[PDB]
Amino acid sequence: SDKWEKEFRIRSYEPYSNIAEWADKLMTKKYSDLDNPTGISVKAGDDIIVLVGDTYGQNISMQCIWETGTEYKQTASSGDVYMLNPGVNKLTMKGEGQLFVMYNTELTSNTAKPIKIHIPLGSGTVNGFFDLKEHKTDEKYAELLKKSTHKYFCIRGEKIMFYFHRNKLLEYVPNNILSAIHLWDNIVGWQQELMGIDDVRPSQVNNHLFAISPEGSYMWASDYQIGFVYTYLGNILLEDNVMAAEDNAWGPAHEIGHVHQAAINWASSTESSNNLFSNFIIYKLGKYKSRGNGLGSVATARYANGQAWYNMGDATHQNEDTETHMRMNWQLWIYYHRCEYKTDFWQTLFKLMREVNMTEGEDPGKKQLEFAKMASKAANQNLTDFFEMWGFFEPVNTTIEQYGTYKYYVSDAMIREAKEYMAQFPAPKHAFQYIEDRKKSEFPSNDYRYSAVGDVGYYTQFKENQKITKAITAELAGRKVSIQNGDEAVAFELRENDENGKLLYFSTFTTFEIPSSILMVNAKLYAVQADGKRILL
Ligand code: NA
Ligand code: NA
Ligand code: NI
Ligand code: NI
Ligand SMILES: [Zn+2]
């Protein structure tokens, strides 16, 4: 049984990067610095011997992690810290918890080597912990789990760690962790993929995300740790519980989205900008279709109701219409990525937005415009029409509430400069503001998407540059428009005078009611071809 004790009591601990630093450079919430569990539990007053080999001039320490919270209990993100020096260290635990070695430094340095640390028999208790790359098997996992005896058992993957209640692991996955750990690692790695931060990971930044099980709340993300309530873990740990319903994979991936949204996020978007990641994950898991409202929601909000981006579907200015907003980033991915007109668009755009380096709340009005401009630069196309449709070029002077209160100010002159800046790029090859990745026939009639996604503008029409080749007509009966032979178009527009007058309404349905509030006088109807050609009707 000592071969088990020595797996954990004698170990070479690798260096991990500094979290504060990389949070700044990559514009994320802070990852965890609890990358190096010992696998050793302790109790208050315990005398602990730690023998540290050569440290190469590094400063390392030991931290006891336990629990925090008044309302209920959860795993804390920091704890009692004890300094370590090369040689002999005798520590007296101020409290219970598990031990973690804090070895955080610059990774490119030739002195960033593993440090051997020996916690000799009789010092605390060996709980154990499972690492994916070194223990490799469900079988070893079960063994370690059973031998474990502490309230929490740590599981370390490549990109994420779990730090969950022992008995919940026993109750749900008492014998199999590989599926779970491979899946959550994939999510994190996918979100990280879109951000274009592969150049610096794992060579300069290598910290994990660290998932705890609070005895309260539902699910969330913050600096240092992300949380999934312990009564819910069954939908975390069993990939069949994750893959069984649409919304099981989402809510978590949305939570890891919060960690990564800052570069491209501004207040008014905080609960939608992260669902670029959410929808990317769903796409990658390969079973369900995309989430969000149809473009009819945009038209209604923008035009029947005069709203701009910041208050779309939201006259109050307090809580966000996430189901409408989330389609905006996603359309950019559908076109540039799924239709392959630029397969590293998002990676490029994230890089640019990190260079812009604006916080989410410092100036949301200007940030919205910086994002339209950087998206134009990222595509190397002038995306003025996309961003007009989405309500980026409407004046705003007010204040909003979303995790704080913020001044939202967009002026005519700000609007003017963004457009001129974006003008310097060539015209877009397609009017992909009308793109969808969903068609009606994929959904049952009780699904909200069946009625919401419209009839035209499916992504293949943009990917195969479909032309309009048919006897396309239109009949107006009261407020009801009906299009004949328009199934090759991508949308239908009411413009102000000619095909270059401002947009007054649009639809991706071939039959639709115009709302009363639209002003019809001198207004014309055009069918939009995938590539931007408008055609009078
Ligand atoms: Na080992
Ligand atoms: Na590992
Ligand atoms: Ni020993
Ligand atoms: Ni406008
Ligand atoms: Zn959220």
# chains A, B, ... in the order shown; residues from 1 in each chain; ligands from 1
>>> residues_around(residues="region 22-29 of chain A", least_positions_apart="2", cutoff="10 Å", atoms="only C-alpha atoms", output="PyMOL selection string")
chain A and resi 17-20+31-32+195-197+200+204-207+221-225+256-264+350-351+353-355+357-359
>>> residues_around(residues="residue 231 (chain A)", least_positions_apart="5", cutoff="10 Å", atoms="only C-alpha atoms", output="PDB file with C-alpha atoms, in the first residue's frame")
ATOM      1  CA  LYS A 168     -21.201  12.703  -5.920  1.00  0.00           C
ATOM      2  CA  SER A 213     -19.170  22.059  -6.814  1.00  0.00           C
ATOM      3  CA  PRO A 214     -20.835  24.679  -4.624  1.00  0.00           C
ATOM      4  CA  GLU A 215     -23.512  23.463  -2.125  1.00  0.00           C
ATOM      5  CA  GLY A 216     -25.772  26.224  -3.452  1.00  0.00           C
ATOM      6  CA  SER A 217     -26.281  28.443  -6.528  1.00  0.00           C
ATOM      7  CA  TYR A 218     -26.943  26.935  -9.980  1.00  0.00           C
TER       8      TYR A 218
END
>>> residues_near_ligand(ligand="ligand 3", cutoff="12 Å", atoms="only C-alpha atoms and all ligand atoms", output="NGL selection string")
:A and (2-11 or 49-51 or 117-123)
>>> closest_residue(among="A:303, A:321, A:332, A:526", to="ligand 4", atoms="only C-alpha atoms and all ligand atoms")
A:303
>>> residues_near_ligand(ligand="ligand 4", cutoff="8 Å", atoms="only C-alpha atoms and all ligand atoms", output="list in words")
residues 388, 389, 391, 392, 393, 394, 502 and 503 of chain A
>>> select_by_dssp(residues="region 209-428 of chain A", states="helix (DSSP H, G or I)", output="VMD selection string")
chain A and resid 230 to 232 234 to 237 239 to 242 250 to 260 262 to 264 275 to 285 295 to 304 322 to 338 345 to 356 364 to 379 384 to 389 412 to 423
>>> decode(residues="region 99-114 of chain A", atoms="N, CA and C atoms", output="compact mmCIF listing (two decimals), in the first residue's frame")
# COMPACT_ATOMS: atom_id res chain seq x y z
N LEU A 99 -3.69 20.18 0.11
CA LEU A 99 -2.50 20.97 -0.19
C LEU A 99 -2.26 21.08 -1.68
N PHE A 100 -1.88 22.30 -2.08
CA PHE A 100 -1.51 22.60 -3.46
C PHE A 100 -0.14 23.28 -3.43
N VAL A 101 0.71 22.92 -4.38
CA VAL A 101 2.01 23.59 -4.53
C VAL A 101 1.84 24.76 -5.50
N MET A 102 2.24 25.94 -5.04
CA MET A 102 2.16 27.17 -5.82
C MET A 102 3.51 27.47 -6.46
N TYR A 103 3.64 27.05 -7.71
CA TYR A 103 4.84 27.25 -8.50
C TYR A 103 4.41 27.97 -9.77
N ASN A 104 4.46 29.29 -9.68
CA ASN A 104 4.05 30.18 -10.74
C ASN A 104 5.20 31.08 -11.12
N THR A 105 5.56 31.03 -12.39
CA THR A 105 6.71 31.76 -12.90
C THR A 105 6.66 31.87 -14.43
N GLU A 106 7.68 32.51 -15.01
CA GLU A 106 7.77 32.69 -16.47
C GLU A 106 8.27 31.37 -17.02
N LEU A 107 7.52 30.82 -17.96
CA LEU A 107 7.76 29.47 -18.47
C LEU A 107 8.90 29.34 -19.49
N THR A 108 9.22 30.43 -20.20
CA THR A 108 10.24 30.39 -21.27
C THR A 108 11.66 30.35 -20.71
N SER A 109 11.85 30.91 -19.52
CA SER A 109 13.11 30.80 -18.77
C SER A 109 13.65 29.37 -18.64
N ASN A 110 14.95 29.24 -18.86
CA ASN A 110 15.63 27.95 -18.73
C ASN A 110 15.67 27.41 -17.28
N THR A 111 15.46 28.29 -16.29
CA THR A 111 15.31 27.88 -14.88
C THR A 111 13.88 27.43 -14.46
N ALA A 112 12.95 27.35 -15.42
CA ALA A 112 11.58 26.89 -15.15
C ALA A 112 11.52 25.38 -15.31
N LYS A 113 12.06 24.66 -14.35
CA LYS A 113 12.09 23.21 -14.42
C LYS A 113 11.28 22.65 -13.27
N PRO A 114 10.88 21.37 -13.38
CA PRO A 114 10.14 20.76 -12.27
C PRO A 114 10.91 20.72 -10.97
